[PDB]
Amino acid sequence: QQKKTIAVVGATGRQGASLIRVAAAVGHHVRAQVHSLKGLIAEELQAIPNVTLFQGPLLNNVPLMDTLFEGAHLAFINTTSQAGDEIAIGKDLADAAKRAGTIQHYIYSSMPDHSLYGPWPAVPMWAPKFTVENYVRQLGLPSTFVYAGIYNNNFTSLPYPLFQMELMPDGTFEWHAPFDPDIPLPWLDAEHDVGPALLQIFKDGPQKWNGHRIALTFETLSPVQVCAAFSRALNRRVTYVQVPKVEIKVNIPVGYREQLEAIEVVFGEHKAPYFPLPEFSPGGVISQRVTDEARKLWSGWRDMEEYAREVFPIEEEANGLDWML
């Protein structure tokens, strides 16, 4: 059958870019919204024949949304709080897809509202997405919701918050974070694995996935295990250190700081699960693991050890770091 056109919001982001590259390669035409045509990713995607970019802001720009969905049959939507009004943009996009009438399957990248499952605060950049999910669920078009695990490539030795693989004077690495050293966290190789997984959801179809929540995570590892993966990968001493507060070594926008403080409370103080929804956690009885559906969607997923050994050194050198010589 003719590969269907996919409308994408979040094209230059890790999830969108991953989907777009593989989707185009297998024949899908893509209509993607971007803030601006400039940028390494935007310029890269613009050069893919099957991809068409539409520049402009989404905030209060229903016309751009209508244009985006024109002639599209599939949609992958991942919004951001940066411009603010993420909830309004999410609803506007959903309504726009419905109005188009041609969208057969709408995939929205959602996150949990932790305040619904315990004496925990809602993580500011996550909870809003769940509100959009609830709204999307009530629209007449088939929809599926994917929950992204922590990006393997968040790790960097640059002084950025939460996921810094700090290079010490002796050449060893230390990762400091509020997470409990031994509680398994959900991870994800966004660049390589998000795209293939999303395409399989699209290939499976709306009858199989309408109304479903899928955890896009292929590997769970505690912080100590992540560091052990880097250690084996790099042949260097890498150790995890639990800290009460996130070490914020650089200036960050106010919204991110609030995101980090919520994280300190949720994972630091409370040790709550990353994915707190109940569905995410006798002879022959076998309970579903959080990584089961994702692995079934895409069997060629890559682990943390592969990232640390094969990609981390390149990304680091690309950022100007020198430890890899």
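All residue numbers refer to positions in the sequence shown, first residue = 1.
Missing coordinates between residue 281 and residue 282 amount to 10 or more residues of the deposited sequence.
The deposited model assigns a higher average Cα B-factor to 1-9 than to the other stretch when 1-9 and 314-322 are compared. On average the C-alpha atoms of 136-144 have higher B-factors than those of the other stretch, with 136-144 and 189-197 being the two compared.
Of the candidates 116, 221, 74, 165, the one whose C-alpha carries the top B factor in the deposited record is 116. Highest C-alpha temperature factor among 244, 206, 149, 161, as the PDB entry reports it: 244.
Sort the chain's modelled residues by C-alpha temperature factor and residue 287 lands in the highest third, per the entry. Annotation for residue 92: C-alpha temperature factor in the lowest third relative to the rest of the modelled chain, per the entry. In the deposited entry, the Cα temperature factor of residue 82 places it in the highest third of its chain's modelled residues.
Residue 179: CA B factor lies in the middle third for its chain, per the PDB record.
When all modelled residues of the chain are sorted by CA temperature factor, residue 60 is found within the highest third.
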